[PDB]
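S.K.: got a sequence here, can you build the structure:
(one chain, ligands or ions: 2)
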Amino acid sequence: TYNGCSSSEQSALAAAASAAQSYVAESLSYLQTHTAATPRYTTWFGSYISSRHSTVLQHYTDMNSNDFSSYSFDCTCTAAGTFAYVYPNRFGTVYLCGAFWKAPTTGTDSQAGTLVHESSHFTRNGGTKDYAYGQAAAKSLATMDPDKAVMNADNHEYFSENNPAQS
Ligand SMILES: *[C@H]1O[C@H](CO)[C@@H](O)[C@H](O)[C@@H]1O
Ligand SMILES: [Zn+2]
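M.R.: Residues are numbered from 1 along each chain as shown. Ligands and ions are numbered 1, 2, ... in the order given. Find the structure here:
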């Protein structure tokens, strides 16, 4: 369901959720077939180790079971700089803010990527935290502290967005 959303916002969210679902599905597939270090995995989750890969894999396996199209959206947040927020223990409800709207559907820091970001926040999906914000910061975190990177919402979004595309 939707709360305080316009017609434009509802359709943008439907497509965003559908694009998010596709992001998570391919990311899951990718993780199941790529069992060694690749530029895409290491850029976002740092040095390749099975234990961290299992954690990101589980995150995606759980996120994959999520039905993004059944999520409850709330568009009452007008904070111009914030994309969206969620309560880790209040599953399926995503509150969208101002910045979310000016973002593209897919791509870098997109609406669909934001859903992957927020979704990974749910304790049921793995409960990521907000350690670093942005590609610059996310990549740094992945080279400075892989453990945090695998528990960072943005690093999940960027691995899924994969833009610039890496193999
Ligand atoms: C993460 O590290 C790997 C090397 O193991 C590269 O494939 C990638 O470019 C990134 O630096
Ligand atoms: Zn977050």
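
S.K.: just checking, residue 121 touches residue 154?
M.R.: No: using C-beta atoms under 8 Å, residue 121 makes no contact with residue 154, being 10.8 Å away. Any C-beta I mention is one placed from the backbone N, CA and C, and that applies to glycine too.

S.K.: neighbour-wise, which of those two wins?
M.R.: residue 154 (26 against 22; other C-beta atoms under 10 Å).

S.K.: look up how far ligand 2 lies from the more buried one.
M.R.: As judged by C-beta to the ion, to the nearest Å, residue 154 and ligand 2 stand 7 Å apart.

S.K.: Three-state assignment for that residue, please.
M.R.: Secondary structure assignment for residue 154 (DSSP: H, G, I helix; E, B strand; the rest coil): helix.

S.K.: let me see the contact set for it.
M.R.: Neighbour list for residue 154: 117, 130, 132-135, 137-138 [criterion: C-beta atoms under 8 Å, 6 or more residues apart in numbering].

S.K.: what does residue 89 give?
M.R.: By C-beta under 8 Å, 6+ apart, the neighbours of residue 89 are residue 123.

S.K.: residues contacting the closest residue in space to residue 135 that isn't next to it in sequence?
M.R.: Leaving aside its sequence neighbours, residue 135 sits nearest to residue 158 (C-beta to C-beta, 6 or more residues apart in numbering; 6.1 Å). Shown in contact with residue 158 (C-beta under 8 Å, 6+ apart): 43-44, 108, 113, 135, 138.

S.K.: isn't residue 85 up against residue 74?
M.R.: No: between residue 85 and residue 74 there is no contact under C-beta under 8 Å: 9.5 Å.

S.K.: between those two, which one's more packed in?
M.R.: Comparing residue 85 with residue 74 by other C-beta under 10 Å, the one with more neighbours is residue 74, at 18 against 15.

S.K.: please name the bridge partners of that one.
M.R.: Beta bridges link residue 74 to residue 3, residue 95, judged by DSSP bridges.

S.K.: which residues of the chain lie near ligand 2?
M.R.: 130, 153 (C-beta under 5 Å from the ion).
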